[PDB]
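First, one chain by itself: the form deposited in one PDB entry, in structure tokens.
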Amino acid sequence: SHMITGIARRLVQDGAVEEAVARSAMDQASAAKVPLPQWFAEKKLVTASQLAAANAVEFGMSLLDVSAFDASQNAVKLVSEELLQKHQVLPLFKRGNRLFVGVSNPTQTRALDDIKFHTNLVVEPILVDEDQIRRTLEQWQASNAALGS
């Protein structure tokens, strides 16, 4: 018929956005041929954190509050500043041969491929909302910079 779907359905279930707005976003994204998560990100119909929460349940991805992450354990130096600018990801943490990378977009995969071929680590995506990525990256870069040049 016209069931509200995907991310829009979850944002409605989470109370983040609201039936008529979600239905409109779904239909307008389809009319514009824009993927729904990108549509919501661009149209700013909800907060970045509300969108991340919806993306996490809809795409089955884990979600982290990086403001609670211990900056001294960040893995930012493992990834070139070039890759960081190109993709808008936040390298989180390395354990064994794995590098966990924070992403705000659940479907970006070429970024993960570029990071894997750059680091030769196993790359695992974790959702981090878009505001947290931009702010935390520069905080962690200041922390890392204190270690020297």
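Here the rigid core means the biggest group of C-alpha atoms that line up within 1.5 Å when the two forms are laid on top of each other. Shifts are known only where both forms have a C-alpha. From 1 onward, residues are counted along the sequence shown.
Higher mean CA B-factor, judged across 1-9 and 140-148 from the recorded values: 1-9. When 26-34 is weighed against 99-107, 99-107 comes out higher, by mean CA B-factor as recorded in the entry. Reading the B-factor column for the CA atoms of 65, 70, 82, 124 in the entry, the top value corresponds to 82. Ranking 52, 112, 92, 89 by Cα temperature factor from the entry places 112 first.
Among all modelled residues in this chain, the alpha-carbon of residue 48 has a temperature factor (C-alpha) in the middle third. Placement of the Cα temperature factor of residue 56 within the chain: middle third of the modelled residues, per the deposited record. Remark: residue 128 belongs to the lowest third of its chain, ranked by C-alpha B-factor as recorded.
The following text describes the form deposited in another entry, which does not appear among the structures shown.
With the rigid core aligned between this form and the one not shown, only one of 120, 80, 28, 47 has a CA shift of 2 Å or more: 28. Listed alone, the shifted run between this form and the one not shown is 27-35, counting only residues present in both forms whose C-alphas move 2 Å or more over at least three consecutive positions once the core is aligned.
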